[PDB]
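*Asks:* Mind looking over this structure? Questions follow.
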Amino acid sequence: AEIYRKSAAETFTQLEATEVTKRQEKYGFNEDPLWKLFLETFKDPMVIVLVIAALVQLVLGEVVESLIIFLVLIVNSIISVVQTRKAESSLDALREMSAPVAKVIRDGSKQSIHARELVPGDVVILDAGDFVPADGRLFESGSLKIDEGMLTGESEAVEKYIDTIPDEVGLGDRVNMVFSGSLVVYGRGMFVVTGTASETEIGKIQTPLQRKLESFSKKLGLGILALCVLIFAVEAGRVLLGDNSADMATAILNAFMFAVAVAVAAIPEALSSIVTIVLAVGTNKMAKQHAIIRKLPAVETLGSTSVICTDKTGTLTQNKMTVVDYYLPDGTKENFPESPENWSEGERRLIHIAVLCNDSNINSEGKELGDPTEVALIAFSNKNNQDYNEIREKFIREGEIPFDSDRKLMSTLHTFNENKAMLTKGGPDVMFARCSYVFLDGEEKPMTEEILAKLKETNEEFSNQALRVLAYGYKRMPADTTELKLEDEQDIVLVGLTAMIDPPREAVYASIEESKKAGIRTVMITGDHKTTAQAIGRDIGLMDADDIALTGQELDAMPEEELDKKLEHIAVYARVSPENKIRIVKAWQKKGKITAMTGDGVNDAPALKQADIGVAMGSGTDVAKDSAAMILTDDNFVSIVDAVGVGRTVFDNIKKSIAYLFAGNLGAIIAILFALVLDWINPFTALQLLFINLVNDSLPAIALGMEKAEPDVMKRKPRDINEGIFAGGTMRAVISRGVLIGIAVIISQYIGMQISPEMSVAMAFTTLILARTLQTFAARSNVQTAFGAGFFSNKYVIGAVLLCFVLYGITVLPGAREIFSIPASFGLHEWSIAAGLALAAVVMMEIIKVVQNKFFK
Ligand SMILES: [Ca+2]
């Protein structure tokens, strides 16, 4: 768009890149009807077969049944699209608060607007992992590794430079602009946005559980339709009256009505509705649990996470350390808070290097900006003997090493008292192998075996206390103001060692224990010294007895054949790498064991992609979130355990709701079949069965899918990788539930047979519908009873039960008894027998549940 040929200053002049609202309304902002969705949601095969049944039931000129079935379709359609609109609003909220925020320099005004409210002509800084939202010209960048797999499918990391492209335009390998829709793999993206999202080049361009459940629905539909074909054949050939069959031409309509109503009852039309509704409410629960899930198909498998590979920093640690103990080569206890003066030479040297190498500062109280280790060190300095940060401003910062990932020598040089003071921090072992002088008062003499042994002794002593520890050095040549380079890095003295405790977040111990009780083996990666992380894991609670831990160096130097054997008994990885992250996530995925990675860094994205349910931290980079199936806003590990608990609750809601629906439908089916085998009038007419399918297979099933967490969700083994909807325990529950309720309907039909066939039909219908509405109570869980869990504890269930009771209260009205095949008027006993049978059914059902709690497991 005429920006390819311009250089940096030419883009500044031509596009007026440096009122901001004027440019926003002038250049433009850089950001499906619901009835159309309702029209397009008829793809459900259950909805298709029910709508063809509704249209044929309309074409025989019968009105009330047609309105009943049509009402079933519209209520499930409107509840599906209403919860779909709720999911759309939730997704818009997730895209709003977790929007990619680009740090904007603008006209020198350092702030950070979101992606939608950007405007061309303002400077934007892109750090590593800061996904660039809008295309724009770049002037300087240091090795800006930019991949373009989404903008144009360019998998290569193109390094944008100062060079422009005059008299040529091409979206391929070009360096002139950093286009939108691109991820900063590495580099510093100091560029100016030149494009509205409309003019950006990228702007110009169901779940596996859902698929398995639709396959199960199609199998059940074929079987059920075969069953109704058999039922229609029974009504046809079993009796057929005599040879003349009276008026069989005008009497096949009622038999086809019975078979069709059997199809409507048995078919779970609200299957996909239940799944979508509980996925929406589960996602809302994850949002309540500080867990913004990105990939929608990841909700079902979150209940199946038999392993989670987390990291201690961020999740198992709220940052802001407090160093509790320290080592000095002279040797004493803590003496910093009391000491007004410099006190011992080791203490004062350690304090000055801790302050000087500290990149961060306390600033205003409660405001921490830098690295957590440096924030902790300056908070320690300011905690003991009051203010100590004021000493840094009277100390120049000449030579500062940029703290390379292979260096661990964050340096500092001052000219205030010492001329060329080589002041650096780093890891314990790296300084121990690098620094070569001991600090005993003014003596600066090299290491020996016993001295190095004592340093290592205090190092492992701090390590087994779960204390990460840093080493410091002072010794330097006089020389003069150097070029801030390494110079002489083999002659450094050893100042004392300060070991900082890594405190876990609140309720980390409880969540860890409840995850270990749930069979969810937890795995924690770290980058510090090994036995420090081992003691941290012992503190957390994932280390006991036979468990082992291996470093990253041993991780990448060991073939997978023995690592597979060792994998099940190891939870701590130290000095890990993203390649080792790929290794561990693939090894955990190999033996089933659904994995949830944790990487928040930029190059952790391959580990997040290969992870089944890899979660990126909210404080982490945006490219990891793109590579992640889900995000934690509060970044805590307790959010992961709450997330997998919510996933288990959602899958248990699937199991319980499908159990309720299939059990009631099977009870009706076996009632009809038992009336069929014994040469009996069928228990329910067409309109009665359609009204039962109206009352249930609906809002009560939705409410049963809205059931909260039973007290044993974190006490069970994780679900298998496959869906396993027809689990053996839940199949036993389904068959017992359906057989019992059908037994109640059969007994009611037999009692009604003692009076009249019409009384039998009416009593069987009311027994079935009352037993469905009251079995909604007993099917709230497979562990807790309706009274045990509390009736009002599930507000949706009791509200829906009252709703269906009111709706069934149409039957008692005399104006609807004719269409419902309810004859005459009741004194007491046309209702009392049915109510007693239904109450006995649900109480039998409940003591069966208690027996499974008491006798069985
Ligand atoms: Ca149904």
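Within each chain, counting starts at residue 1; across the structure tokens, chains are named A, B, ... in the order shown, with ligands numbered 1 upward in that order.
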Which residues in range 186-257 of chain A does DSSP call helix (DSSP H, G or I)? List them as a count of residues only.
*Replies:* 43
*Asks:* Could you make a table, as JSON lines, of the residues of chain A that have an atom within 8 Å of an atom of ligand 1, each with its nearest atom pair and distance in Å to one decimal, counting only C-alpha atoms and all ligand atoms, in chain and number order?
*Replies:*
```
{"residue": "A:263", "atom": "CA", "partner": "ligand 1", "partner_atom_place_in_ligand_line": "1 (Ca)", "distance": 7.4}
{"residue": "A:264", "atom": "CA", "partner": "ligand 1", "partner_atom_place_in_ligand_line": "1 (Ca)", "distance": 4.9}
{"residue": "A:265", "atom": "CA", "partner": "ligand 1", "partner_atom_place_in_ligand_line": "1 (Ca)", "distance": 3.9}
{"residue": "A:266", "atom": "CA", "partner": "ligand 1", "partner_atom_place_in_ligand_line": "1 (Ca)", "distance": 4.9}
{"residue": "A:267", "atom": "CA", "partner": "ligand 1", "partner_atom_place_in_ligand_line": "1 (Ca)", "distance": 4.2}
{"residue": "A:268", "atom": "CA", "partner": "ligand 1", "partner_atom_place_in_ligand_line": "1 (Ca)", "distance": 4.2}
{"residue": "A:269", "atom": "CA", "partner": "ligand 1", "partner_atom_place_in_ligand_line": "1 (Ca)", "distance": 5.4}
{"residue": "A:270", "atom": "CA", "partner": "ligand 1", "partner_atom_place_in_ligand_line": "1 (Ca)", "distance": 7.4}
{"residue": "A:661", "atom": "CA", "partner": "ligand 1", "partner_atom_place_in_ligand_line": "1 (Ca)", "distance": 7.6}
{"residue": "A:665", "atom": "CA", "partner": "ligand 1", "partner_atom_place_in_ligand_line": "1 (Ca)", "distance": 7.2}
{"residue": "A:693", "atom": "CA", "partner": "ligand 1", "partner_atom_place_in_ligand_line": "1 (Ca)", "distance": 5.3}
{"residue": "A:696", "atom": "CA", "partner": "ligand 1", "partner_atom_place_in_ligand_line": "1 (Ca)", "distance": 7.8}
{"residue": "A:697", "atom": "CA", "partner": "ligand 1", "partner_atom_place_in_ligand_line": "1 (Ca)", "distance": 5.3}
```
*Asks:* Just write the chosen residues, N, CA and C atoms, as a compact mmCIF listing (two decimals), in the first residue's frame.
*Replies:*
```
# COMPACT_ATOMS: atom_id res chain seq x y z
N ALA A 263 -39.90 -43.02 19.02
CA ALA A 263 -38.67 -42.47 18.45
C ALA A 263 -38.32 -41.12 19.07
N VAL A 264 -39.32 -40.23 19.19
CA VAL A 264 -39.09 -38.92 19.81
C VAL A 264 -38.64 -39.06 21.25
N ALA A 265 -39.27 -39.96 22.01
CA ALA A 265 -38.89 -40.14 23.41
C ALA A 265 -37.48 -40.70 23.52
N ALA A 266 -37.17 -41.76 22.76
CA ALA A 266 -35.91 -42.46 22.92
C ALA A 266 -34.73 -41.64 22.40
N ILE A 267 -34.94 -40.88 21.33
CA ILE A 267 -33.87 -40.08 20.74
C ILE A 267 -33.50 -38.95 21.70
N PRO A 268 -32.23 -38.79 22.05
CA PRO A 268 -31.82 -37.63 22.86
C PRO A 268 -31.59 -36.39 22.01
N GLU A 269 -32.62 -35.57 21.81
CA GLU A 269 -32.47 -34.38 20.93
C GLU A 269 -31.56 -33.35 21.62
N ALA A 270 -31.59 -33.30 22.95
CA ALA A 270 -30.80 -32.35 23.72
C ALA A 270 -29.41 -32.87 24.03
N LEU A 661 -31.06 -39.07 30.84
CA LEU A 661 -31.86 -39.10 29.63
C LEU A 661 -32.04 -40.52 29.12
N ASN A 665 -35.50 -42.77 29.06
CA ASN A 665 -35.95 -43.27 27.76
C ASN A 665 -36.00 -44.79 27.75
N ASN A 693 -41.59 -36.40 26.53
CA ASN A 693 -40.35 -35.96 25.84
C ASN A 693 -40.26 -34.44 25.91
N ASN A 696 -39.23 -33.92 30.04
CA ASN A 696 -37.83 -34.30 30.15
C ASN A 696 -37.15 -34.06 28.80
N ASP A 697 -35.92 -34.55 28.64
CA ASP A 697 -35.10 -34.34 27.44
C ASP A 697 -34.97 -32.85 27.16
```
*Asks:* List every residue of range 7-116 of chain A that has an atom at most 12 Å from any atom of range 197-217 of chain A, giving for each one its closest atom pair and the distance in Å to one decimal, counting only C-alpha atoms, sorted by chain and then by ascending residue number, as JSON lines.
*Replies:*
```
{"residue": "A:24", "atom": "CA", "partner": "A:197", "partner_atom": "CA", "distance": 11.7}
{"residue": "A:27", "atom": "CA", "partner": "A:198", "partner_atom": "CA", "distance": 9.8}
{"residue": "A:28", "atom": "CA", "partner": "A:198", "partner_atom": "CA", "distance": 8.2}
{"residue": "A:29", "atom": "CA", "partner": "A:197", "partner_atom": "CA", "distance": 7.4}
{"residue": "A:30", "atom": "CA", "partner": "A:197", "partner_atom": "CA", "distance": 4.5}
{"residue": "A:31", "atom": "CA", "partner": "A:197", "partner_atom": "CA", "distance": 6.4}
{"residue": "A:43", "atom": "CA", "partner": "A:214", "partner_atom": "CA", "distance": 11.1}
{"residue": "A:44", "atom": "CA", "partner": "A:214", "partner_atom": "CA", "distance": 8.4}
{"residue": "A:45", "atom": "CA", "partner": "A:217", "partner_atom": "CA", "distance": 8.2}
{"residue": "A:46", "atom": "CA", "partner": "A:217", "partner_atom": "CA", "distance": 7.7}
{"residue": "A:47", "atom": "CA", "partner": "A:217", "partner_atom": "CA", "distance": 11.2}
{"residue": "A:49", "atom": "CA", "partner": "A:217", "partner_atom": "CA", "distance": 11.8}
{"residue": "A:115", "atom": "CA", "partner": "A:197", "partner_atom": "CA", "distance": 9.3}
{"residue": "A:116", "atom": "CA", "partner": "A:197", "partner_atom": "CA", "distance": 8.4}
```
*Asks:* Just the residues within 6 Å of range 800-808 of chain A, please, counting only C-alpha atoms, with nothing from its chain fewer than 3 positions along; format it as an mmCIF file with N, CA and C atoms, in the first residue's frame.
*Replies:*
```cif
data_model
loop_
_atom_site.group_PDB
_atom_site.id
_atom_site.type_symbol
_atom_site.label_atom_id
_atom_site.label_comp_id
_atom_site.auth_asym_id
_atom_site.auth_seq_id
_atom_site.Cartn_x
_atom_site.Cartn_y
_atom_site.Cartn_z
ATOM 1 N N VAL A 695 -41.418 -32.705 28.642
ATOM 2 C CA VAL A 695 -41.128 -32.401 30.039
ATOM 3 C C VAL A 695 -39.671 -32.712 30.361
ATOM 4 N N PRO A 700 -34.908 -29.848 32.579
ATOM 5 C CA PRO A 700 -34.396 -30.686 33.683
ATOM 6 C C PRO A 700 -33.077 -31.374 33.375
ATOM 7 N N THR A 773 -39.435 -36.801 36.818
ATOM 8 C CA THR A 773 -39.200 -35.536 37.505
ATOM 9 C C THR A 773 -38.555 -35.752 38.871
ATOM 10 N N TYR A 796 -30.495 -25.174 40.147
ATOM 11 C CA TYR A 796 -31.020 -25.479 38.822
ATOM 12 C C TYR A 796 -31.899 -26.722 38.846
ATOM 13 N N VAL A 797 -31.474 -27.759 39.573
ATOM 14 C CA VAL A 797 -32.213 -29.019 39.582
ATOM 15 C C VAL A 797 -33.577 -28.848 40.243
ATOM 16 N N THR A 811 -52.079 -31.804 33.444
ATOM 17 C CA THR A 811 -52.846 -33.048 33.422
ATOM 18 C C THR A 811 -54.040 -33.002 34.372
#
```
*Asks:* If we count only C-alpha atoms and set the cut-off at 7 Å, which residues sit around residue 362 in chain A, ignoring sequence neighbours fewer than 6 positions away in its own chain? Please answer as a list in words.
*Replies:*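 Listed by chain and then number, they are residues 368, 378 and 379 of chain A.
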*Asks:* Considering only C-alpha atoms, tabulate each residue of range 478-555 of chain A that lies at most 9 Å from range 341-358 of chain A along with its nearest interatomic pair and the corresponding distance in Å to one decimal; arrange the rows by chain and ascending residue number and present them as CSV.
*Replies:*
```
residue,atom,partner,partner_atom,distance
A:495,CA,A:350,CA,6.0
A:496,CA,A:350,CA,6.1
A:497,CA,A:350,CA,8.0
A:498,CA,A:350,CA,8.6
```
*Asks:* Write out as number ranges by chain each polymer residue whose atoms come within 9 Å of residue 428 in chain A, counting only C-alpha atoms; drop sequence neighbours fewer than 4 positions from it.
*Replies:* A: 432-433, 456, 459, 469-472, 497, 529
*Asks:* Put those residues in a file: N, CA and C atoms, as a PDB file, in the first residue's frame.
*Replies:*
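Ended up saving to part.pdb:
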```pdb
ATOM      1  N   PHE A 432      31.958 -20.464  41.614  1.00  0.00           N
ATOM      2  CA  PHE A 432      32.925 -21.302  42.318  1.00  0.00           C
ATOM      3  C   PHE A 432      33.971 -21.863  41.361  1.00  0.00           C
ATOM      4  N   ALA A 433      33.553 -22.245  40.156  1.00  0.00           N
ATOM      5  CA  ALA A 433      34.488 -22.692  39.134  1.00  0.00           C
ATOM      6  C   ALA A 433      35.153 -21.541  38.389  1.00  0.00           C
ATOM      7  N   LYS A 456      31.238 -25.653  48.998  1.00  0.00           N
ATOM      8  CA  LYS A 456      30.239 -26.596  48.516  1.00  0.00           C
ATOM      9  C   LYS A 456      29.376 -27.119  49.654  1.00  0.00           C
ATOM     10  N   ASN A 459      26.893 -24.567  50.279  1.00  0.00           N
ATOM     11  CA  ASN A 459      26.025 -24.497  49.109  1.00  0.00           C
ATOM     12  C   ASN A 459      24.953 -25.581  49.151  1.00  0.00           C
ATOM     13  N   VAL A 469      20.488 -19.703  45.722  1.00  0.00           N
ATOM     14  CA  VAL A 469      21.570 -18.920  46.309  1.00  0.00           C
ATOM     15  C   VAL A 469      22.457 -18.374  45.195  1.00  0.00           C
ATOM     16  N   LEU A 470      22.945 -17.146  45.377  1.00  0.00           N
ATOM     17  CA  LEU A 470      23.765 -16.455  44.389  1.00  0.00           C
ATOM     18  C   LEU A 470      25.119 -16.095  44.988  1.00  0.00           C
ATOM     19  N   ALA A 471      26.155 -16.122  44.154  1.00  0.00           N
ATOM     20  CA  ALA A 471      27.518 -15.818  44.570  1.00  0.00           C
ATOM     21  C   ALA A 471      27.989 -14.511  43.945  1.00  0.00           C
ATOM     22  N   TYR A 472      28.917 -13.846  44.632  1.00  0.00           N
ATOM     23  CA  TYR A 472      29.323 -12.486  44.301  1.00  0.00           C
ATOM     24  C   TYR A 472      30.842 -12.362  44.341  1.00  0.00           C
ATOM     25  N   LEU A 497      27.636 -15.591  50.439  1.00  0.00           N
ATOM     26  CA  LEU A 497      26.550 -16.205  49.687  1.00  0.00           C
ATOM     27  C   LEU A 497      25.234 -15.935  50.403  1.00  0.00           C
ATOM     28  N   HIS A 529      19.948 -24.541  40.264  1.00  0.00           N
ATOM     29  CA  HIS A 529      20.771 -25.676  40.656  1.00  0.00           C
ATOM     30  C   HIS A 529      19.867 -26.838  41.078  1.00  0.00           C
TER      31      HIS A 529
END
```
*Asks:* Between A:106, A:135, A:637, A:809, which one has atoms that come closest to residue 318 in chain A, using only C-alpha atoms?
*Replies:*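 Counting only C-alpha atoms, the residue closest to residue 318 in chain A is A:637.
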*Asks:* Which one of A:89, A:374, A:480, A:238 sits closest to residue 678 in chain A if you count only C-alpha atoms?
*Replies:*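 Looking at the shortest contact to residue 678 in chain A, the residue is A:238.
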